Structure formats: structure tokens, C-alpha cells
């Protein structure tokens, strides 16, 4: 073993680990900032994790290995003055104005400033933020007056996506982060997944705000504002109201949305059942036409951008079913007026998403018909939370209410969409019933669930074997393709999610501080809310959703043909030949 003394306390251990990790395991307090995802900022270490090792001096705990004979002090005056000094140097490049800041309630940097009682040498007070701010993107925004150059976003993009779309850049002799050549992110290979935002300790990276879109529509007397939340929102937003992790707050959200003034409370899980109707029908059509195989899901816009940017030859293989968001939106401007009497032009449809990429999807030029956008606004889980708090709605004390049913009912199949493997599982439940013209009892496909990066299964559909895969994270899509796995067998149906864990880990979700991430498996705990709902629901197949069945019967007809095909689908095409390209 080794013997280690920390702040006068002897430890016997044979672990090979860092001082930071050993301390955290033994409830010894050490601060950290740039350390995340088992990486610190290798080209500009923050040194907030400074501790003192007798005989060696000041060291960074986050990457210094424990060794036999080490005597460590984490709280000497020399340590604290060094840490304090580093925080003071960061304050010198930080617009320290927490009042209006969208990370005020959970900012890692503020907590460190308070802890060490640090102060700027010179308060950073730029008079014109224009040059520091980039709001060109439909999905992301950068405010470099808040940027600590901690590198967490650069490392998170690399690890989560392997695009390296987020880079260190040299701008006029100064270091910044940004997209390739300081372009708009949208105009680069970036997936707009927002994992970089999720990694950021401060408010430097954010979602493109849609909050004014929403407030102006609510305030317009002639606008009728529909709101519909994603699967993942009901399993996560509670975290921002100090309710802890893994709490189902579906009913509270419906009540809060009514208190915010929305005119109709629907649910994107209804749209998820629509997507399955169309997609499971398409799978059965492809089986009968013998392809094109594999069919890929098309509901994740981060993956769609990944395909567009890296694998355009797969675009024809994507399912033509719109995503639950866009397929919902389409019906909100067509079906919903037909059962309400509203003028379609006066319907304003808002979604609440765990996702930044969804904002780009919604603003795609052709995502409209007859001049009416499918989706007029997308707010993130975080934006809704702020909307609720701004309205002084006592979220944690609200009673449960229900959604308006016509486009609000959902099956258990729709409910699990937010977890990796959920779309696959939901699609199979319907494709099997469709192909075998039957009502099977065994509907649980636990083989495609969980956090493994690449998940294969063999499935039997109408007395033949088919090969499916669930790709869990954009980096795993690249692994799957580059390694040749795609070619090792004939795949027939593949789910791809850009965010590892599925949408429950999307770029629009509540931030979680590094400490809690050590203690909580956020991906499993959020997904557990969804699978729980599926278990306790009467209808667990999309085509059994009674409100959906009514809609198709009275308005669309049969899925995958006629009107349904005409307006609930959307195809992506690779660019035509040109030269130069």
C-alpha cells in the first residue's frame, strides 16, 4: 500500500489515483474548476485545485497522483492565497454581474468567488459587449465576457461528438473559444447539440433565446398559444426547483404552463406516437420493397446535421417521418384548427425541449406549409424554468393537472423516446404488430436499453430475422461507421441520438455541477422517470393512443400514404453535383 497524511489525518491505501479524487472519496474539501470529464485544461491549468505537498510545494490536486509518504495540506494560507489569486485574475476578465445572468442560481464561478472572498484587481466592465457576443447561430450563443478559458467546452465537444467543432482560436492576438475560423457554428460541422453548453461552468455558452417570441405571442390578443413539452422535460426540470433528481413532475408542469397563460396544454409525446405511426409503417414498407436498408431514425436533429455534414450518402436512408416536434407542429396548424375553429394563422406553437439543436430544426426554411411554420418557438428546459421563476409560480407546491387530451394523450411507447433506445423500442412494438397483423403481449425490448455506446439486437418480425442497432452518442456514430461495423452485417433499422444517454442528456437540460455528477448517474436517473411511466400506462403502443387514433380516422387517414405522407414527412437530400464543390 501507501501511507498518506492529509491535513493531519493518516490514510492507508493502495489506490492509484489523484489527490483530488482521493480527497473527494474521503470527504475532504478541495475546489476545482477546469477539471471535468477526467480532463483539466492542459494548456492553461486553472490551478483552483491547488494543495500543498510537503517537500514538493504547491501542486494541482486534479492531476497529481498520490504517492507513499505524501503529506498534504489543503487549507494552508499559502494554498488559499494562490487559489484566491487565481480567482481574482479570472474576475479581471469576467463581467461580474450576476443579477440578470442566466446562471445566477447555479454558477460554479460565483460559488468560488464567494467561497474565497475574491475580488478583481480591476473590475471588468466592458462598455460595449458587441465584440464579445456571438448570437449568429439559431441554437447557440456565446458571451465571451463570461468566458474563463477553462477549456471544458473544447474537451466536451471532442469527447461527446469527435467533431472538434469547438476550438481554441487566436483572434487579434487574444485567445478565445469558438467555431472553426470563428464562423457561425451553424455554418460549420457543428451538430448544435449543446454539449459544450452543458460543460460550461458559467454563462459564456448558452442557448439562443426564444423567450421574447414566446412572451410576445402570449401577449398578442389574437394569438392562441399552444405549448407541448418533450419527453425529457418531465424528468429533469424539477432539478432547478430544488426537488432533487429523478422526480416525475409531469402534472406540476401542466399546471405551471396554464398559470403562465398558455392557451392549450398539449404534449410532444403525442407527436412521438405520430412519429412511430409513420416510421413503423415506413419500416414495414421498406421490408416489402426490400429497402433501402438500413433505415435510420430522423428525429434527432443533431444526428441529422451529423449525417448532412459527414455522411450525406445516408440521407436517403433516413426515415421520412418528421420528428415528434415537427410532426406535432404540422398537425397543430391543420388538424387542431379543424377541431377548434381557430384561424390557422393565429395558432402559435411553442415546444419545450431538452435540446438546443431543436431550435435549428424548427427554423429550417421548408418546415412550414401554406405560409404557416410547423413550430413557431422552441424554449429549453432551462428557459421554461426561468419563465416559471420569473412569474413567481410556486412550482414545487403546485397540484397536478392533466394535458388537454386531443393532442396531449400519449402511450408508454411515446413516453420512453427521451432515453437512448426508446425510439427503437417504441418503433418495434408497432412495426411488429403492423407486420404480423397482431397484438403481441411481449413488448419490452430491454436489449436496446441502457448506456452502452453501440447496442445491436436481432429481432424477429413476421417470421424473418432483422438486425437493428441503437447508436448512443455522436462519437459512437463515428465509431460505428469508421470501424466498418456498419458493413459487418446488413442492418435494417438504426436509431441514432447525438447526446449520449439520449435526450435526457440534451444540451438544453439543467446544468449539474461536477460534484453531483460524481454522485448521481444523471442519464440513468432521468431515464428511469420515463421507463416508469411506460410501465404504469394502460396503452404502451403508439397505435393504441385513442386521441391519435381519432385524429388519423377523422383527418389524416392511413399512415404512410395519402395525406399523412403528403404533409407529415420530410426528406433530406445530398447536394447535387457541382464544380467547384
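Positions refer to the first chain, counted from 1. Rigid core (definition): largest C-alpha set, two forms, superposition within 1.5 Å.
Asker: Figure out for me whether 52-60 or 533-541 is the more displaced stretch in 6 other deposited structures of this protein, taking RMS C-alpha distance from the shown form once the rigid core is superposed.
Answerer: Of the two stretches, the larger average C-alpha offset in 6 other deposited structures of this protein falls on 52-60.
Asker: With the rigid core as the fit anchor, does 284-292 or 405-413 show bigger C-alpha shifts in 6 other deposited structures of this protein?
Answerer: Relative to the shown form, the greater RMS C-alpha distance in 6 other deposited structures of this protein belongs to 284-292.
Asker: Can you tell me which stretch has the higher mean Cα B-factor, 122-130 or 201-209?
Answerer: According to the entry, 122-130 carries the higher average C-alpha B-factor.
Asker: Going by the B-factors listed in the PDB entry, is the mean over the C-alpha atoms higher for 234-242 or for 189-197?
Answerer: Looking at the recorded C-alpha B-factors, 234-242 comes out higher on average.
Asker: Which one, 357, 332, 447, 161, has the peak C-alpha temperature factor per the PDB entry?
Answerer: The record points to 447.
Asker: Out of 136, 146, 392, 479, which residue has the highest Cα temperature factor in the PDB record?
Answerer: Reading the PDB entry, the winner on C-alpha B-factor is 392.
Asker: Lowest, middle or highest third: which one holds residue 351 when the chain's residues are ordered by CA B-factor from the entry?
Answerer: According to the entry, residue 351 has a C-alpha B-factor in the chain's lowest third.
Asker: Sort the modelled residues of this chain by their C-alpha B factor and say whether residue 221 lands in the lowest, middle or highest third.
Answerer: Its C-alpha B-factor, which the entry lists for residue 221, ranks in the middle third among residues of this chain.
Asker: Considering every modelled residue of the chain and its Cα B-factor in the PDB entry, is residue 41 in the lowest, middle or highest third?
Answerer: Lowest third of the chain for residue 41's C-alpha B-factor.
Asker: For residue 396, return the chain-relative third of its C-alpha B-factor as stated in the PDB record: lowest, middle or highest.
Answerer: Highest third, going by the recorded CA B-factors of the chain.
Asker: Can you tell me whether residue 434 has a C-alpha B-factor in the lowest, middle or highest third compared with the other modelled residues of the same chain?
Answerer: Top third by C-alpha B-factor.
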